[PDB]
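Labels below follow one simple rule: chain letters A, B, ... track the order of the sequence lines, proteins then strands, and each chain is numbered from 1.
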Amino acid sequence: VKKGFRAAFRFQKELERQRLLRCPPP
Amino acid sequence: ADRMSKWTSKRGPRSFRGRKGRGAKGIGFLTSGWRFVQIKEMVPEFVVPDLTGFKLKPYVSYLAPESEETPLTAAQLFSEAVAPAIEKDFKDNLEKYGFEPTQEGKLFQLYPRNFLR
Amino acid sequence: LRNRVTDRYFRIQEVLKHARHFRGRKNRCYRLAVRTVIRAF
Amino acid sequence: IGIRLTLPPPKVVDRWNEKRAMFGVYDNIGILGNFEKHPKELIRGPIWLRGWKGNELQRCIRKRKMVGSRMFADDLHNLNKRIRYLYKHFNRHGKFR
Amino acid sequence: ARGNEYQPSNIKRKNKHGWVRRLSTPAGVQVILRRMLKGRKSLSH
Amino acid sequence: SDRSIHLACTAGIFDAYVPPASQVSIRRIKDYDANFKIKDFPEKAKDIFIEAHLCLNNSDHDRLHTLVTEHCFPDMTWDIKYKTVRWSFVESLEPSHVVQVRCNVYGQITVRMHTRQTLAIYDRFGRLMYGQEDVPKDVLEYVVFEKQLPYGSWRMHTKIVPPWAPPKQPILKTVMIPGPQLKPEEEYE
Amino acid sequence: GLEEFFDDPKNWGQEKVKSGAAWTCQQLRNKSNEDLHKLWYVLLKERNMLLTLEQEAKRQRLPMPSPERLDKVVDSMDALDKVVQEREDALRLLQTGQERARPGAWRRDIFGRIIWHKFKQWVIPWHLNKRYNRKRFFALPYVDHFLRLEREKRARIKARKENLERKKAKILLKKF
Amino acid sequence: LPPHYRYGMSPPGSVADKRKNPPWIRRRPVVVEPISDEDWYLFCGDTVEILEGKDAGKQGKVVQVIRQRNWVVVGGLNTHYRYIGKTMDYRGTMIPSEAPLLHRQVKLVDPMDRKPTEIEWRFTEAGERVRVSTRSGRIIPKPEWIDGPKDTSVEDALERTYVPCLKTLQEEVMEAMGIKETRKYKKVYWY
Amino acid sequence: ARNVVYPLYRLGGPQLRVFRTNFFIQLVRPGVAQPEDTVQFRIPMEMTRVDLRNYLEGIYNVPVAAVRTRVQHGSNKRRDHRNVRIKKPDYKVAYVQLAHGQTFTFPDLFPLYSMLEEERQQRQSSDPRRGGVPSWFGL
RNA sequence: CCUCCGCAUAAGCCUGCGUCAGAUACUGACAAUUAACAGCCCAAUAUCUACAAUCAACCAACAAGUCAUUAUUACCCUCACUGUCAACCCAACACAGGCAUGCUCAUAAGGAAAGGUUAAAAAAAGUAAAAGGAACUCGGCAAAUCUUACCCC
RNA sequence: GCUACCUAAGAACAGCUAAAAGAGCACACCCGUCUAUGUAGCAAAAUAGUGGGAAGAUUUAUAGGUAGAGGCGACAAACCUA
RNA sequence: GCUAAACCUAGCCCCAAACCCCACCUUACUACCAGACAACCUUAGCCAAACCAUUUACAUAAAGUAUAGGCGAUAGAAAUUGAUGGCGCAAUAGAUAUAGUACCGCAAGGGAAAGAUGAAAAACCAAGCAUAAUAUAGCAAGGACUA
Ligand SMILES: Nc1nc2c(ncn2[C@@H]2O[C@H](COP(=O)(O)OP(=O)(O)OP(=O)(O)O)[C@@H](O)[C@H]2O)c(=O)[nH]1
Ligand SMILES: [Mg+2]
Ligand SMILES: [Mg+2]
Ligand SMILES: [Mg+2]
Ligand SMILES: [Mg+2]
Ligand SMILES: [Mg+2]
Ligand SMILES: [Mg+2]
Ligand SMILES: [Mg+2]
Ligand SMILES: [Mg+2]
Ligand SMILES: [Mg+2]
Ligand SMILES: [Mg+2]
Ligand SMILES: [Mg+2]
Ligand SMILES: [Mg+2]
Ligand SMILES: [Mg+2]
Ligand SMILES: [Mg+2]
Ligand SMILES: [Mg+2]
Ligand SMILES: [Mg+2]
Ligand SMILES: [Mg+2]
Ligand SMILES: [Mg+2]
């Protein structure tokens, strides 16, 4: 595990974007 | 080539295998012609008692009172064995009371211990 | 490992996004995608 | 893939614990206390670098000089080798000469 | 032709790398001491 | 093993009410609870039954575990997993009434309910496979409730099906029943 | 007879065999030396029977009936041995003042480690015993460096243990 | 046990325990606050009250105590449900299985007030050590064969046949059994 | 006795006597066909055949005619998860032939659940005619 | 159909195709190799010990050779311990290699060159070949035959 | 524990010709001339054939010795754990 | 959607303080016989001097001073003065270490790898491929284009 929070937060945002694109909301 | 396995009599040439034992205590000696002379006194003699009429079974009834452990000590043994006679003869040469100056001359010398178990 | 890079994913993506429409491994492998993308730019 | 898929556990820092709250106190012990104590005397740490600073070679030399006799055998051998290497590097290598 | 330089024989093994031989000379004593310091499970052969 | 499994129910019904004297059992129930009413039980039993089946409808296993016993929950849920059941009680033809009661100590009460209900069971894919969503059907049944005698309660334990019970509603899809899968040496008989 | 190696024929095959409690050291301390001597062989016969049962159960791939009684017997025999040893030690201390039954001495081995060399029984004096004279009980100067190295290795291990303990304690305090 | 062995509901030597914790597992150790032996106040059989989670408020009886993880198992309380005997064909039978509770999540109950209480290990001149409830006083009590053919009778077990004497077992038995030995043990050299 | 220093015997000395024997033996079922008068034991490794003879004749009053012993090597081939060999202990095996024509044959040793059984009996396996429809509902 | 082998001892290894159950010559459990064979020896002090072996008889030698006690004093009163398994060892391997000895001199013992098909090239091993017979080639290399004479070192 | 040499005490050498032979042919055994194959091979030097020796300065099992500024060497700057 | 991906604590680093039953030298881990045999003795070399040969380091201040030195590379005093944790690592990191184990070597010796559920188990992302082989022409893209 690499210590840090900001890279993880950015990757979480990217994962959220990809999730939305794959399953766009109504 | 094996170093981590225990060295036993099963490993090595004939001489090694014959020479090494398995811990069994010796019983005699070897004479000319490899004849083994077995000494009776070197054979442990199991002093098995007479169990007839013995009332102590291997287990103890669970309905038995529990008592605190009081490991026997030299002081306790002296008090329970020698102190009464000492008191009596003081009111009225420790060999008479029981002390033995030297273990030599005894069959069972306490130190150096010369008996099994 | 006092200080370690944690953004390497996004650093790679900044290049691969421009290589997604290439052919072969040039669109997947950064070591190749970066060269092809520099040539493309 | 060298990126974690979950947010790390939140890191809560108490800015007002005793250490942070009283940090820096008695740094002016000298000027505000008739110079009975120098501020460097407030430094707790290795005996050989209390109130002292230097590059790696100087630090190694000081460590060997001050606690060399109390060092473990292999640690002292490592320190001697490190001093040798640092001497060679600083006195024989570098861009400037 | 080569490779089979190890012709095992317990007599040679123990007489060459045994505990008794290692303790015979100070150098072998230091070998055993080095093994003990390193923590080897097999000090001698 | 010093600790042992603490069961909250029993394997099965004590004495089956063979459908078309128990005051001792009622006495035991009352001596254990002190506020029970046989005459008032049927309404509570009907409410428990309706609530349990609505919980089946909504897949509320938490409430099912409170409304039915551990010998009941698997029977109700095992085959309904991965399918949607649209159950609805429409009315009770005749009032429900206690029938038989028997009794670390559990007490079982059999309640005969002749009510009217609806069913519609769909596949994983939402394809109807049993009953009609709207058509009501008359159902006569014997629900055996059970209770454990400190924090126990009355929960459906079983449903006794009379041997003379009318055949259940036919299934929508046709079925094939394979014959003996004979090995080469074997011959058909 | 060999039948004493097996449980009672009625007990054969029983899933469970009820057994009493293992003899306690305090209970045994009240018994005479002859009584303890007889009880030792009673327990020995029981122990042989139980070991036979264990081995036969392993052979038959079945659980041993009431395995706890073997542990009870072992505990009883250990208690009896401890009581006899206590009596012997007290008598030895009274009559000779020696706290060890076997002669020995603190000696420095060839590796510089202090060991408790336990004396062996010989028929000839030590100055004549050839093998004993081959055995070395002194460390030469070259062993001092290795003694220091071993000391420092032990110190490092101890320091690591203590520092880790303190770290864990601080983590626990922060968590609670 | 292996270092950092993870104590679980199954006993540390059962088949299930060996299945769950084979010798090679290296799971993260569970952080448990270090309650001293003299501060532990929950015992098997004690009536307790559950403070958190499902079945909060309900009072049950402690059935097991996994001291190594600050655990008390309340019988028939804090239960989920699991299938036992589930085979390839049979679905098995549903069973209520308790989940362990932390002593911080569980509080003892007054013997008569029937309410949760805080406890202190106050010494009493007669009951040297015993639990005392704080908010309302009162002491909470600590809750809780036929000889076989191979079991000594109580009287035989307690008989004091030991007459202390300055004799070893060996010589005492020699006298008792009549063994006569005249040979003198020749002195040997020890070294 | 085992794990004890034997008092050294010099010529003309007293007999070596052991009072509380430390040897514990096992009577084991032979793995191969044996003569009717033969008994197989597993013995502590330090016990001689003379020791076994005296042990049996004194503690058990078993008339022993002959005794033979062999050291069975326990397998060291098995390895744990760390690839370290697990050593099966070596053990001594003694074959004892009884005297006076006596015969020995190893004895034939070894000659909630209710709820589970009830539920299994009450399985009521699914009917193929039902076609997977749950059976609980009475409709 | 093959048989180089094979069976034992030594050395080496150390349970490494015995039974049961699981897997998928492996894992776990259980069992086993029993001394007569072999190893493990010898009370001192002196004192003896020129004449090989080779069928040891002639002969024949040179390289000149493995084999012996007595005197006195001590001393019997008592069959332990250890190896014994295997398809095996050294070569990283179920390695065409290495591996001492006794018998078997082809075996009574031990084994299987072909997974199935087709019958292309090229390649490997072998067999046969018209007429010629070294014209090949650096050289008769290889193969086939059994074959002279002369030179250097 | 390979290899060079040595020390102790062992072992092997069929058959035929000749005759007391560092003799001839030729097994076992030792070696490795020439060819083919192999060249990450069966093999970190092998296989098949062919070939030299095979009662001797022979071969070989066992244990021991000589150790790197060295050893050993019928000198090939050989061999001393690929 | 497969290989897989991640993960937090096992421990470790630097400081402070503080000084730290039996068997086994014979073939070690071997119950039990006349010994005699006993340890101490300058480090060297690499390297620098651009070779190499004398030579080349092993609290503060005085002071890099006096001195030494193929007086050159460099070496270098003394008098005298007074003298409580972590802007550490977090499983390719930190000890080599889960271990000096496995494994390798005759021996000295060399020397690894790795684990991650939950309160309780008595409950979407690398490469590589697949979905889905391929169409004239060419550093595989760019300008483009309806394409
Ligand atoms: N710098 C430093 N301080 C330490 C270390 N170990 C302990 N301490 C300090 O020692 C003090 C006392 O430690 P505690 O464990 O609380 O008490 P203790 O056991 O009496 O302490 P010790 O006597 O030092 O063993 C605290 O200030 C700690 O931070 C260490 O390794 N380094
Ligand atoms: Mg050789
Ligand atoms: Mg034997
Ligand atoms: Mg074949
Ligand atoms: Mg083929
Ligand atoms: Mg032709
Ligand atoms: Mg020509
Ligand atoms: Mg011609
Ligand atoms: Mg031509
Ligand atoms: Mg030719
Ligand atoms: Mg011949
Ligand atoms: Mg010749
Ligand atoms: Mg030359
Ligand atoms: Mg030359
Ligand atoms: Mg230079
Ligand atoms: Mg330079
Ligand atoms: Mg000075
Ligand atoms: Mg690491
Ligand atoms: Mg991918």
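Contact check, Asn10(E) against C13(J): a side-chain N or O comes under 4.0 Å of OP1 or OP2. Close to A28(L), at under 4.0 Å from its OP1 or OP2, lies no side-chain N or O of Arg21(E). A close approach under 4.0 Å does not occur between any side-chain nitrogen or oxygen of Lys88(D) and OP1 or OP2 of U56(L). Remark: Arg28(C) is in phosphate contact with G128(L), judged by side-chain N or O atoms under 4.0 Å from OP1 or OP2. Taking only side-chain nitrogens and oxygens, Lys120(G) comes nearer than 4.0 Å to OP1 or OP2 of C32(L). Contact between the side-chain N/O atoms of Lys58(G) and the OP1/OP2 oxygens of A31(J) is not found at any separation under 4.0 Å. Note on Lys118(G): every side-chain N or O is 4.0 Å or more away from OP1 and OP2 of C24(L). Remark: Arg131(G) is in phosphate contact with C32(L), judged by side-chain N or O atoms under 4.0 Å from OP1 or OP2. Residue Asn15(E) places at least one side-chain N or O under 4.0 Å from the OP1 or OP2 atom of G64(K). Here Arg40(E) reaches the OP1 or OP2 of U101(L): one of its side-chain N or O atoms lies under 4.0 Å away. Of the side-chain N and O atoms in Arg78(I), one or more sit less than 4.0 angstrom from OP1 or OP2 of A29(J). A close approach under 4.0 Å does occur between a side-chain nitrogen or oxygen of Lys19(D) and OP1 or OP2 of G85(L). Residue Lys167(G) places none of its side-chain N or O atoms closer than 4.0 Å to OP1 or OP2 of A10(L). The side chain of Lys20(B) places an N or O atom within less than 4.0 Å of a non-bridging phosphate oxygen (OP1 or OP2) of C29(L).
Considering only the side chain of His21(C), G142(L) comes nearest among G142(L), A120(L), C125(L). With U30(L), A127(L), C124(L) as the candidates, the nucleotide lying closest to the side chain of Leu15(A) is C124(L). Of the candidate nucleotides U60(L), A5(L), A108(L), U60(L) has the atom lying nearest to any side-chain atom of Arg62(D). With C19(L), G11(L), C15(L) as the candidates, the nucleotide lying closest to the side chain of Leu164(G) is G11(L). Distances were taken from every side-chain heavy atom of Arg6(H) (C-beta onward) to each of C14(J), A127(L), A120(L); the shortest belongs to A120(L). Side chain of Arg136(G), nearest nucleotide from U27(L), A80(J), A38(L): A38(L). Among the nucleotides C40(J), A34(L), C90(J), the one closest to any side-chain atom of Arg19(B) is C40(J). Which of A80(J), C76(J), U117(L) sits closest to the side chain of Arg28(H) comes down to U117(L). Distance from the side chain of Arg49(I) is smallest to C81(J) among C81(J), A108(L), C125(L). Of the candidate nucleotides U15(J), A34(L), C32(L), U15(J) has the atom nearest to the side chain of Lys77(I).
Base orientation of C146(J): syn, the glycosidic angle falling within 90° of 0. For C89(L), the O4'-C1' to base torsion is more than 90° from 0; the nucleotide is therefore anti.
For the P atoms, the distance from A54(K) to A67(K) is 38 Å, rounded to whole Å.
The aromatic rings of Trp7(B) and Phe16(B) stand perpendicular to each other, their planes meeting at an angle above 60°, with 30° marking the opposite boundary.
The pair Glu152(G)-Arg148(G) counts as a salt bridge, with a side-chain nitrogen and a carboxylate oxygen less than 4.0 angstrom apart. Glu56(G) has a carboxylate O that lies under 4.0 Å from a charged side-chain N of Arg29(I), or vice versa, which qualifies the two as a salt bridge.
A donor-acceptor contact under 3.5 Å links the side chain of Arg26(H) to the base of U98(L). Checked by distance alone, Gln34(I) brings a side-chain donor or acceptor within 3.5 Å of a matching partner on the base of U34(J). With hydrogens and angles left out, the side chain of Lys14(E) and the base of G1(K) share no donor-acceptor pair within 3.5 Å. A donor N or O paired with an acceptor N or O is found under 3.5 Å between the base of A29(J) and the side-chain atoms of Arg61(G). Evaluation of atom-type donor-acceptor distances gives a pair under 3.5 Å for the side chain of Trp7(B) against the base of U27(L).
Mapping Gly74(I) and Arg35(B) onto RNA chain J by nearest heavy atom places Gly74(I) at the nucleotide closer to the 5' end. Residue whose closest nucleotide on RNA chain J sits further toward the 5' end, between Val50(I) and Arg14(B): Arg14(B).
Put simply, the side chain of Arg28(C) never gets that close to the backbone of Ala19(C): no donor and acceptor are under 3.5 Å apart. Listed for the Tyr6(I) side chain is no donor-acceptor partner under 3.5 Å among the backbone atoms of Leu16(I).
For the pair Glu162(G) CD and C19(L) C1', the computed distance is 12 Å after rounding to whole Å.
Here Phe22(C) lies in heavy-atom contact (under 4.0 Å) with sugar-phosphate atoms only.
For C152(J), there is no paired base (Watson-Crick or G-U wobble, both distances below 3.5 Å).
A distance below 6.0 Å separates the ring centres of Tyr132(G) and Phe137(G).
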